[PDB]
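Read through the structure below, which is laid out as structure tokens, and then see the notes.
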Amino acid sequence: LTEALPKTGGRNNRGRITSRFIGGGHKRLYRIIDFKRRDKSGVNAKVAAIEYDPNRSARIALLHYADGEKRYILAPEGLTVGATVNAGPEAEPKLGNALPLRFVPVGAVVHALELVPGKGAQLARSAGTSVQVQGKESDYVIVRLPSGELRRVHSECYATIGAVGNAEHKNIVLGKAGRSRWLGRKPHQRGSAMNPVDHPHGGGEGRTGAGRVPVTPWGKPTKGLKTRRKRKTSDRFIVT
Amino acid sequence: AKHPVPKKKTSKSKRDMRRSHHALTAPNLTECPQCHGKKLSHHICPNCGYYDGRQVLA
RNA sequence: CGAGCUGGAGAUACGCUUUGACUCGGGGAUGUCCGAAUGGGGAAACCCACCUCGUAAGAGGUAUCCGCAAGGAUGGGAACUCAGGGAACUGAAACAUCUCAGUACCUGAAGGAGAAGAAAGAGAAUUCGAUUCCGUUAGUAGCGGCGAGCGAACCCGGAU
RNA sequence: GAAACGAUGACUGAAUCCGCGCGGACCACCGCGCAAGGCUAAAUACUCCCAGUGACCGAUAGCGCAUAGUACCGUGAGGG
RNA sequence: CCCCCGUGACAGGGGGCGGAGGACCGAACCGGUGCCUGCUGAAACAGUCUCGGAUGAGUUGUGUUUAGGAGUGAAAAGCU
RNA sequence: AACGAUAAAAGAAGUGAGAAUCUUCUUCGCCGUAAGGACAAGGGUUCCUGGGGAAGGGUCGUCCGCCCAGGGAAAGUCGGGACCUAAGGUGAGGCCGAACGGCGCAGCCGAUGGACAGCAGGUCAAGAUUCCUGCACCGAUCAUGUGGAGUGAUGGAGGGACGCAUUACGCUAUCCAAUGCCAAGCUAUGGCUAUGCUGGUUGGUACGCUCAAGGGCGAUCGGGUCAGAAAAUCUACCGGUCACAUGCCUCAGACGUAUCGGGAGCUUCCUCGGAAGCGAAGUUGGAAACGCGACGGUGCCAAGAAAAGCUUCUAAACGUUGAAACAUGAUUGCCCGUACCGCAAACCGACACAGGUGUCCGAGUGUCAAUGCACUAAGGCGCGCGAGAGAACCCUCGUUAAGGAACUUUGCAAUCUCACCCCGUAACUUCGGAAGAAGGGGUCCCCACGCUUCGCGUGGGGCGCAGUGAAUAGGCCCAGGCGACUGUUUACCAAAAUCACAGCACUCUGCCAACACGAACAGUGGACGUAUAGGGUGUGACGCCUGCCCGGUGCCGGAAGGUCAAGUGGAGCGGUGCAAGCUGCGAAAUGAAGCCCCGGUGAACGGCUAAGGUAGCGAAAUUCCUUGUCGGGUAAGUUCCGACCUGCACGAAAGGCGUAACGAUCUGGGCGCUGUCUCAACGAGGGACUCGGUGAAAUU
Ligand SMILES: [Mg+2]
Ligand SMILES: [Mg+2]
Ligand SMILES: [Mg+2]
Ligand SMILES: [Mg+2]
Ligand SMILES: [Mg+2]
Ligand SMILES: [Mg+2]
Ligand SMILES: [Mg+2]
Ligand SMILES: [Mg+2]
Ligand SMILES: [Mg+2]
Ligand SMILES: [Mg+2]
Ligand SMILES: [Mg+2]
């Protein structure tokens, strides 16, 4: 609703269709969001209004800082229009206040979490996404990510109190196609409808299937896709 | 292609033999009792325009 | 050069020429606009500028890449040269190594030619004396699913 | 292949003239050579162009063209 | 949204008013069902009639991007 | 054979060597949400004038879009550039790459969008928001005057800046009516004598104490610097002080006065026909936008470009003795487009071709409405062969005795039905629907009376065989198969029971995400997203549900051991030399991922040996035998329905069973109606046939 960026549709990369499907949609404008919040430490802001943002599954709030300058911040479950919120280490474990994990007590439910002290939020940004604080380790804190993964995150990384807004994506039933069209392209096109030429499933004389593979090569159900990477060590217990 | 078609080039004799009835018949001409220039029977003489008296101009 | 010329053009008219036209040989001076194109833009041949000198007409400059600067490169060439990259049909009466072939093609640099060139060599006479080319050696030696098939070099004779 | 020698993309890594490479695994001997710096005419290849010639053609031949990359076909490259 | 009644375990039921819809009928427009005609065509895919959609997953201009084992595809190996 | 739509043509006059075809005249007929008119694209001189008449033109040409010559195209305000940015292109520096090259921040190019000053008439043979007349406006440089000190960026901020549907008030464009006005005449066939007939009936600008819907707006003092890199008087945040209706600022348009313009016609001259001069009226009433007032109102989710000009601010910097702003006169006015065709004979289709082609305007009457349909204005056409004939046969039609599906693969085809109003309306249901269900009645004219009309209601009377009197205009129903559903597809034999679908599941992915494009440690898509998100696969609304079998395959999980690569490691063997050496091959043991092995996993590949089918369905889109068997319907039923179970060979997300509604689906039945048929006939048109003109083809 206020001074934002222009979002342009595009589903093909440097030229060719990379991420399959994706195509329709009512056209949108990008809302600039303050994920980091770091430079606004010590300064308090008032929630002007909560808003609609078709770029995110969660609602967005408008902050009016004591210095004048306004910033669109993520809207948490509970935050009311006309509620005070402050950033910095010296902050309450109350809704909207942005503070790092060391000052965050054990068990406290948070959202919009960074990965490196800086850059900005990169975890629990979707609707109803919550991060459980399991405990402090060293200069690191063990946390439970929305999925259930237990990542070692350094206590130096910022966060926002409470879970995220936009209730629940359930009474959101879509309904009939076209709904899905006024977002992104004719979806999941069955490789079984395809041809030997097009996709491994394709061919035969009726309805079938015989090997269980995706578009290109691989295998679709159950096959670990992570690499033998560095960040593995900063993570304990994956599955679901 | 073209469903019914000829089977052989129709010979010079045969082809010509067919035209034996294409023979144009020359008009049975009579001379006008007046203006005296030929005219076709039951019609007006072209030259004067007479047909007992004068009907047509010039 | 020595009487004609006014292009093909066969075309009438105005003219020009022994103060030597015309044509032929050789230098110059002009040379719009595009095009490496080079002020900037561009759908080539068109748009829009700025700096300088200039009375306006008009004259010159403004691309990058090297080095102080003089000065050098940008692009273009029929084939021929060398370098980076490098097929398949085909033959093997099938095909896979092998063959086609380092052939075709692409690309880079370049010249009237290039490339190669002054033995850590050839080699078995303690012979030879930079390179290229031709003859020959010789279908030899040898390579090879030792299959199809591929195939040197020293010696000697010349071009230089 | 018994596969030397050259070449070098990767890891290494020397002798310096009673020193080094070479001579078809490798060794001894015997013999031939001085790498890791550059330059270098001429004989050779080609023919856009030029001139001369021909048991070359003479208008369905000869270049595609007695002249035209034109007319014509194709968005095009291209073809003609 | 405003008025009206009803409490057996019940729901809403009526009026007003509003102005929803991959709602209906149907031109433009987009499409191509069935027959016939056409079948050296008017036409290298059409004609008359009939028929499907017709506020949507809609139609359409201009500009621009993706191509040869490559593209594109509400998926026929379709289109390029 | 053909001469390119079945929208006709006819006669008269002219010209000319020659005329169905060219010209003129008077009729006819055809289109009129077009078959008129205006752009765009594209074409390129096709436009006009004057000539021509080989070829082109499906015939003929005296003619033309054809051949020749000459002409015509005029812009400060219209489109475009000297302005701006989108997708995309490009891109010094910077990132990658055997090459050539690929990427990329700023910037720059790029209209399809933003911005921006001119109206009304006149008129060449052919141009007109361009020329010409009338009266405007825009910026720029200077001149005289006003004013008397700021001006204000390459930076800030404000503003430009944006959806979809529905809709209230006023309005014009614009259209209709009249015994309103104005102008010309006349009319006779029977009448009318005007209260008939025909035509016209206001456009630009300036001024007003005139009417006016609608629309737009708050002003100012201060504080915090912690926000706009910094500054700012500007902008934002918080506070204090006058903010209801009122109130400011705007007038879309209407009116009045003037003025320039036009206006039906009228008047002479006329060189076969145009030119110059003149000029009447301007009313009352009804309708009316998709245009305007205008950035209105409301509702909605799918949440709706950017940049410049522009308005506000200070930094710099020049100057306050010549500021900006205002006013009036002079001056200034660049480049390209502009003819002509442009739903078509000038464009793409080889054709003067029955196709294709984006935007705008598109009148009247009748008709619920309308861009529908019939007739018709303006305007434009009769489609570049023609004339006779009136056989077969062919196409496109009209009627048809009795019969009415007997036709037939099949009611294929064609009838029937048809609008608006009123009554009435089933099973079944997802409570919306089914439903236009089915069935029935009405409908014209006139007079009276009642009301809300553009009309309607009641009452009475008339006329015809018939009253949506012509045109546009659903036939319906019972049951089943499949798919839920709108949708989508085989350009050019398949529209469907295929694909998509909302909904369900299995699964992978922790963010330089999996995954994808890619020379590449580039760059990018996924995503300026972050597990209520993204990839992949299967199934396919909804309802009830989804059994058993982990032996083989695959994925996920374990390690006690077997296996296993280069490399580390060299026991031992051997070559040569007198010799030290220099050399060829070289075990053991150790050495990762994999594979053997164990365990799990089925909305994994699968099965009905690892197990033998849980419901539910079953002679089925599945059934061989087979026209199974009995029943139904029929006069008679290889299909159809219903039971049955002996499932050659159903069965649970290659989903099982069922389902209201949906269907250009597919099957069976009934009503209706009918040339589908007994069984054909007659009638029309266009070919076929005949003359004159032009004159192909496969084939041989
Ligand atoms: Mg001859
Ligand atoms: Mg040539
Ligand atoms: Mg219809
Ligand atoms: Mg229908
Ligand atoms: Mg870019
Ligand atoms: Mg005839
Ligand atoms: Mg006769
Ligand atoms: Mg059944
Ligand atoms: Mg369907
Ligand atoms: Mg459908
Ligand atoms: Mg004839």
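Cβ atoms come from the backbone with ideal geometry, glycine included; neighbour counts cover every protein chain shown. Computed from the coordinates by the stated procedures, all read-outs in this text should not be read as laboratory data.
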Signed unit charges on C-beta, dipole axis of chain A, positive-most listed residue A:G165, A:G68, A:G78
A:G165
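By average Cβ neighbour count within 10 Å, what is the ranking of A:117-130, A:191-204, A:173-186, A:217-230 from highest down? Show your work: numbers first, answer last.
Details: A:117-130: 17.3, A:191-204: 14.1, A:173-186: 11.4, A:217-230: 7.7.
Top to bottom by mean Cβ count within 10 Å: A:117-130, A:191-204, A:173-186, A:217-230.
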By what distance, in whole Å, do the Cα atoms of the protein assembly as shown stretch along each of the three principal axes, largest value first?
141, 57, 35
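Counting other C-beta atoms within 10 Å, and keeping those with at most 16, which DSSP coil chymotrypsin sites (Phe, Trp or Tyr not before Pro) do you find in the stretch A:65-126? Could the numbers behind the result be given before it?
Details: sites: A:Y65, A:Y72, A:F103; in loops: A:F103.
Answer in residue order: A:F103.
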Relative contact order in percent for the stretch A:87-240 (Cα pairs under 8 Å, 6+ apart) equals 20 percent
Within the stretch A:65-147, DSSP-loop GluC sites (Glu not before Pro) with at most 15 other C-beta atoms within 10 Å are A:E69, A:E90, A:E137
Sort A:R16, A:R102 so the one with the fewest other Cβ atoms within 10 Å of its own Cβ comes first.
A:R16, A:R102
Evaluate the relative contact order of the stretch A:1-86 (contact order divided by residue number), counting alpha-carbon pairs under 8 angstrom at least 6 apart; express in whole percent.
26 percent
Exposure rule at most 16 other beta-carbon atoms within 10 Å, DSSP loop trypsin sites (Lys or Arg not before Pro): chain B longest free segment
B:10-58
Computed curve, the stretch A:1-86, Cα-only Debye sum without solvent term, log₁₀ I(q)/I(0) at 0.22 Å⁻¹, is -1.06
Modelled label-to-label distance, B:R18 and A:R102, 7 Å Cα→beta-carbon offset: nm?
11.4 nm
Select from A:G23, A:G107, A:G211 the residue whose mean-square fluctuation is largest in a Gaussian network model of chain A (Cα-Cα springs shorter than 10 Å).
A:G211
Between A:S180 and A:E205, 0.36 nm times their residue separation minus their Cα-Cα distance comes to what?
5.9 nm
Let me spell out the model: positive unit charges on the Cβ of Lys and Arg, negative unit charges on the Cβ of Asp and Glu, origin at the Cα centre of the stretch A:87-240. What dipole size does that give, in debye rounded to 20?
720 debye
So if I take the centroid of the Cα atoms in the stretch A:168-240 and the same for the stretch B:21-58, what is the distance between those two points in Å?
99 Å
